[PDB]
């Protein structure tokens, strides 16, 4: 479609809305121009969702507990408030780890204060203090506790900070109050920020006066990789083959100690900008540690990233970088040779959270595919700035897309594949459009790095080319 067809597509779709909603949604839909570097000239983002329009967004608790804190494997994370939020989010996100669950690691468990009426009426701080003692008795190898506030906590005026300080002091334990109530902000995004500031304020400074860490020139941390299906491990392997030492992973397969050791590193490598730029900036400000954005989706981006990272070190690392690249060349070339002919020319529309909607485009392009539409649940304009140069001219961008919009856009655009989430998957399959989950990787992955690209390619091929898609039309209709 031309710029003008996409533009009239947007206008037609918005005709359904009452005027207030129509005027708002118009601001969140744009036709890409890769000439633009200021996205605040063409799309609005990180605003409230319009009531009743079936946003795909979640809340600040999802962005704090579900996203940032939950993966930290040797801490216990309390879903503090009523029973729902911890139950729906129990083991929904595939933030992989190595541990002995229920013993030294706790990620897929749901710890909750299960608020009842009396807790709402009289407050839950006494319950929280008792709950902490119960945790200590039954889970003695936990290395710290976080308190992930749900909607009621702030609303009823509880003081989880006092409880965390008093109990933390009494038990010589790191207990972290996190004010991530879902009434705060507009989406998962503010949850990330809240979570980052909680790490800063309650964990990150613990070893500030401790000089025992055996530091080297090659120490880095992977910042903002939550190890979905092992994504961080398939990144780490390459960084270490390149001669670097990955002191920490924030927060997929992450331990509290590796977080406390991060201020000792030489360089912070930021994959998820949206979720962990805040703490990255803090670390530069306080500790003088530089940070840099990278991308480990597909061979083209991965090679560029390895090279850009290696360039921050010495000749020995630059040399290893080229050895790594040479090692994996035949492997990814074989993936391309097998799968690109099966996918060349195919058109994809994406809708994801805060990073992937731009970050995966290169990987699609390494298989000859075109991303014809993309958008985010909860990105900010600094994300859109990074997106417009990665997308083609006259492609469709959508911020906090409504269910209606997404369906109507797909009907007109007729993508060969859609990459989005669980709430979207079954809608599009019924429409006869191959769908891949691009949050959970549809229970596959990893997708990061060279080993991830093989699985990514296999997966896009098995679904887009599956025999089922030829069968939706009964032969008598």
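Numbering follows the first chain given and starts at 1.
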Once average C-alpha B-factors are taken from the entry for 70 to 78 and 283 to 291, the winner is 283 to 291
Comparing 314 to 322 with 180 to 188, where is the mean C-alpha B-factor higher?
314 to 322
According to the deposited entry, which of 359, 386, 193, 274 has the largest Cα B-factor?
386
Looking at 354, 229, 86, 217, which one carries the largest C-alpha B-factor according to the PDB entry?
217
Taking the entry's C-alpha B-factors for this chain, is residue 452 in the lowest, middle or highest third?
lowest
Going by the recorded CA B-factors, say which third of the chain residue 377 sits in, lowest, middle or highest.
lowest
Determine, from the deposited record, the chain-internal third of the Cα B-factor for residue 459: lowest, middle or highest.
lowest
Lowest, middle or highest third: where is residue 155 by C-alpha B factor in its chain?
middle
Within this chain, which third does the Cα B-factor at residue 53 fall in: lowest, middle or highest?
middle
